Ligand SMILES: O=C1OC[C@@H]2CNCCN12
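The chain that follows stands alone, in the form solved without the ligand, written as structure tokens.
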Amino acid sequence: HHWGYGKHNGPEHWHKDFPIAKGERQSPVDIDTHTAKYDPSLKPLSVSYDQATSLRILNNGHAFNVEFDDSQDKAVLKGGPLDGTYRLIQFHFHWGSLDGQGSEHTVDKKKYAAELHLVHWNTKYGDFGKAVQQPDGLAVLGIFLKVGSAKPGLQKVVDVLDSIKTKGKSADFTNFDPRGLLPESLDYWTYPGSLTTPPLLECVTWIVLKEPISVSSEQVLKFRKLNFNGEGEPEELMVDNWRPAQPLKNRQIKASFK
């Protein structure tokens, strides 16, 4: 009886195995655009993905992860609210069963169709496992998806999904360029928070881009063909793998833009 997103093991149940679920800096949150304050001391974000080395794509039973070689400073996030250098380790998405839901963060209570998480760890902690034990261990770049025009840079991901339909399946996934997943503007909101899946550790500086990317209906439909179950199990479509907004508590969301 492990955690998931079903009727009986979903977000409202997680606190029983992971008490930090009701903690002081949990994610995601609703971004109230009128209450977020412009912080003129925030730097432009530095996204350096030109040397990114993707390796593999994995269905882990709750999302799919596109994994990167993070044994050197090849793809890094710096600047913005961050001190130091954060290495890209993986990206994944959260999405809905319908276009009206799927994102984890919300913007004035608006839910997007999906949300991309580019996960980075602080190199001062040496590796990912140590980093998640630190309050400034991770930087996650969050990007909203809306349904409209196709995102050409997403298509290579969409097309490999039939090869990783079920839990525990992986496929080689080299030479994927995550720059093709970025919107034009790097304007962002930022706040201190947590992993949005168990173990829900409070180790994340969240940087959520204001500008969503557009993906096509066909692209998101292919996400919804994935399975939470393993091969040879009853099919449970991988949809609605998002945690809802959590209480903001004693936190201020800062904006990089006026």
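Between two forms, the rigid core is defined as the largest C-alpha subset superposing within 1.5 Å. Residue numbers run from 1 along the displayed sequence.
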Core-aligned, which moves more in 4 other deposited structures of this protein: 36-44 or 198-206, by CA RMS?
-> 36-44
Should the higher mean CA B-factor in the entry be assigned to 56-64 or to 192-200?
-> 56-64
Read off the CA B-factors in the entry, average them over 239-247 and over 9-17, and name the higher stretch.
-> 9-17
Quick one: which of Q90, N122, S163, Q101 shows the highest Cα temperature factor in the PDB entry?
-> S163
Per the deposited entry, the peak Cα B-factor within the set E115, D187, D177, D159 goes to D159
Quick one: classify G84 as lowest, middle or highest third of the chain based on its Cα B-factor.
-> highest
Using the B-factor values recorded in the entry, state whether the Cα atom of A75 falls in the lowest, middle or highest third among the modelled residues of its chain.
-> highest
Within this chain, which third does the Cα B-factor at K169 fall in: lowest, middle or highest?
-> highest
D30, C-alpha B-factor rank within chain (lowest, middle or highest third) | lowest
Please rank the C-alpha B-factors of the chain's modelled residues and tell me whether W206 sits in the lowest, middle or highest third.
-> lowest
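The protein also exists as the form solved in complex with the ligand; that form is not presented, and the subsequent description refers to it.
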Is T33 a contact residue for the ligand in the entry with it bound, using a 4.5 Å heavy atom cut-off?
-> yes
Would you please decide whether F223 lies within 4.5 angstroms of the ligand in the entry with it bound, comparing each non-hydrogen atom pair?
-> no
Does anything in 177-212 come within 4.5 Å of the ligand in the entry with it bound by heavy atoms, and if so which residues, in order?
-> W189
